[PDB]
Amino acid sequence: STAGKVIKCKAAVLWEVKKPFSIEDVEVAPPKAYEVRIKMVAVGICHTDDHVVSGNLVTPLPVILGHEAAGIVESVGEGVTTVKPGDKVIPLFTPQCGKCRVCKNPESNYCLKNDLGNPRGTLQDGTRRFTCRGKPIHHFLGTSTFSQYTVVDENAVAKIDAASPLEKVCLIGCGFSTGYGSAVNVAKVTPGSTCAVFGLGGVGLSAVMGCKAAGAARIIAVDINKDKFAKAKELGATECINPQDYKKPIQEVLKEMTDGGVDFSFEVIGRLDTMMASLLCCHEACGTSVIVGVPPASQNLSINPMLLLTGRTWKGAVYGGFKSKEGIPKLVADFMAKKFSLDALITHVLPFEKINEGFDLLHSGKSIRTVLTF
């Protein structure tokens, strides 16, 4: 095996913002106690990965990005009980340490041992495991799955069904769980209700799916890129509207179209103007607006506090409200049991080496999710 030995493999390093990925040869040190070394089989490109490339999300450079993924355990460190080598696993962008405030709370999932809050770029011990040209490389959200091998803490890796199609199931690691849990667990969309979803990406369309499973009688899907509408209708939307077709602001069009406004609105893009439209379009006495998109670093919204006073609920969440180590394995089992399908979401599969192309298909709005294979 390679167990106990520093592996040398290919990985894509981002040496600085707004520039392409460099496929480098890196050394991945052995897992320490309670750490798992994972062999990557497939990874998806989530838009949060792009946010670090543009400068919208801040984290220390150079770094190896990636978090929506699935692979097999090469070795485990001492103490690792939940997984044996050879296990199929999905690494988690937010852990479930089980012992913290947020973790013993039945309704919360943003565990304290995360690296989104104040990004260190290391693993939980404050150390890094990758070296490229003798220089130490930074981790991203403790996962850094854009490498042929990665080391993640044990509380951040989930063991899934041994019959899992890892070329599909990786989307449950970030995209699908987030969009579907936003509807089903964060907003708790009622049967017979009316929802509006802004942005029809891999995380957006999963929310349209989540609302139809909850029983929403109407799912108006909003996107400026009209080519996404056909997939949206197939997956559940009843109406698809495009902002640029009207001379009057989208929240108004939506109130008039729905006798005051929808009951649940979902923002799954990341811009401030659409976060405002999403609050503004749900009914002032009975709407719940949910923020799923990651906003630009340090930008601020200006809301009139009176908008919330008549009865609105505004909130957001990470991972579609899912506690990660427990939630991702059960969703993989529902996949196994054919309760939902991920096929319409994966529009492209490219080899790892073609990663910079993957990021270009997201910039041209030609893809929903591109899967890089190793």
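A residue's number is simply how far along the shown sequence it sits, counting from 1.
Novice: Please compare 77-85 with 197-205 and name the stretch with the higher mean C-alpha B-factor in the deposited structure.
Specialist: According to the PDB entry, the answer is 77-85.
Novice: Averaging CA B factors per stretch from the PDB record, which one is higher: 332-340 or 40-48?
Specialist: Result of the comparison: 332-340.
Novice: Just to confirm, going by the entry's C-alpha B-factors, which of 271, 120, 135, 168 comes out highest?
Specialist: The C-alpha B-factor peaks, among 271, 120, 135, 168, at 135.
Novice: For the listed residues 262, 280, 112, 160, which one has the largest C-alpha B-factor as given in the deposited model?
Specialist: Max CA B-factor in the entry, restricted to 262, 280, 112, 160: 112.
Novice: Can you tell me which third, lowest, middle or highest, the CA B-factor of residue 219 falls into for its chain?
Specialist: Middle third - that is where residue 219 ends up once the chain's C-alpha B-factors are sorted.
Novice: Name the third of the chain's ranked CA B-factors that contains residue 126, choosing lowest, middle or highest.
Specialist: Middle third - that is where residue 126 ends up once the chain's C-alpha B-factors are sorted.
Novice: Within this chain's modelled residues, let me know which third the CA B factor of residue 98 belongs to: lowest, middle or highest.
Specialist: Highest third.
Novice: Please rank the C-alpha B-factors of the chain's modelled residues and tell me whether residue 172 sits in the lowest, middle or highest third.
Specialist: For residue 172, the deposited C-alpha B-factor lands in the middle third.
Novice: Can you tell me which third, lowest, middle or highest, the CA B-factor of residue 227 falls into for its chain?
Specialist: As the PDB entry reports it, the C-alpha B-factor of residue 227 lands in the highest third of its chain.
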